[PDB]
Amino acid sequence: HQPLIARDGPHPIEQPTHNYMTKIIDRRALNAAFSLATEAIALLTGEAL
Amino acid sequence: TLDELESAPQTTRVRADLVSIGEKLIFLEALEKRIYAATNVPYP
């Protein structure tokens, strides 16, 4: 909402202006690598216990 | 057709700026953020 000041002539008269803005979300993602090994499944599961 | 002014003191505190120059205190403000911010008006 724009404020106004009031002038005289000869240059013209202004009205109140208004503005309505819309902005779209920009979307991203991330990644990570956790990878395990061969035996480590069976060492957690209990095959080699 | 002759009429005289009537004035009443109602003082309030106002944030401002005071500068001492020479022998008298001098007022100093810039008038950009208070007035003329985001208009189409040139600064005279």
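Using the structure shown, decide if A:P10 is exposed (fewer than 10 other Cβ atoms within 10 Å of the Cβ) and under 30 Å from B:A38 (Cβ atoms). When the stated conditions are applied, A:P10 passes them.
The residues of the stretch A:4-49 include none that are in a helix (DSSP H, G or I) and either touching a residue at least 24 places away in the same chain (Cβ under 8 Å) or under 30 Å from B:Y43 (Cβ atoms) (or both).
Identify, please: which residue in the stretch B:23-44 is part of a loop (DSSP other than H, G, I, E, B) and aliphatic (A, V, I, L, M) and is, among those, farthest from the other protein chains (Cβ to nearest Cβ)? Step through it out loud before you land on a result.
Residues of the stretch B:23-44 that are part of a loop (DSSP other than H, G, I, E, B), as a first pass: B:23, B:28-44.
Going one step further and asking which of them are aliphatic (A, V, I, L, M), we end up with B:28, B:30-31, B:35, B:37-38, B:41.
Values: B:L28: 22, B:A30: 16, B:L31: 11, B:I35: 7, B:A37: 7, B:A38: 6, B:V41: 6 Å.
Checked the stretch B:23-44; the qualifying residue farthest from the other protein chains (Cβ to nearest Cβ) is B:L28.
In the stretch A:9-42, the qualifying residues are those that are among the polar types (S, T, N, Q) and away from chain B (no Cβ under 14 Å), and the one that is farthest from the chain's Cα centre (by Cα) is A:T38.
Every read-out reported here was derived from the displayed coordinates using simple, explicitly stated rules and does not represent laboratory data. FYI the Cβ positions are ideal-geometry reconstructions off the backbone, even for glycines, and counts take in every protein chain you see.
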